[PDB]
């Protein structure tokens, strides 16, 4: 049995809003329900199972054509002290393409009174034979699109 491969991807978005202002949205139990009210064209559908807080499960279906089709995500952790959120893919998606573990992390870091950076990362463990296949497919795209969307929600509410 040959060693599992670990891969990390990282995206950052500078924002002219305080780390609180941006954490309040990422940590908002009602963020999940707002998601099409933020990223149209992405989702065919989005079932939510729970309160919207830690332990909530998202069933996500994308518009016919593009990969993956479906998958389920679970809110694993919110830490208001560190402004750190973790979201794990628990079923479908890449997990049917030899990925044994896929975890999104969002860290909102202060850079002075009225500004912060959104540090989004993804860590995955993949069976070494599938690395050629999945490495081109797992991109920041999803977390970049969330960082952009949240950023432009907040800058319009603060302005």
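Numbering follows the first chain given and starts at 1.
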Ranked by mean Cα B-factor in the entry, 34-42 and 106-114, top stretch is 34-42
Between 46-54 and 90-98, which has the larger average Cα B-factor in the PDB entry? 46-54
The third of the chain into which the C-alpha temperature factor of residue 59 falls is the middle
Considering every modelled residue of the chain and its Cα B-factor in the PDB entry, is residue 5 in the lowest, middle or highest third? lowest
Could you place residue 138 in the lowest, middle or highest third of its chain by Cα temperature factor, using the values in the record? lowest
Test of reading the entry: by CA B factor among the chain's modelled residues, which third contains residue 130? middle
Consider only the C-alpha atoms of the modelled residues in this chain, order them by B-factor as the entry records it, and name the third containing residue 26: lowest, middle or highest. middle
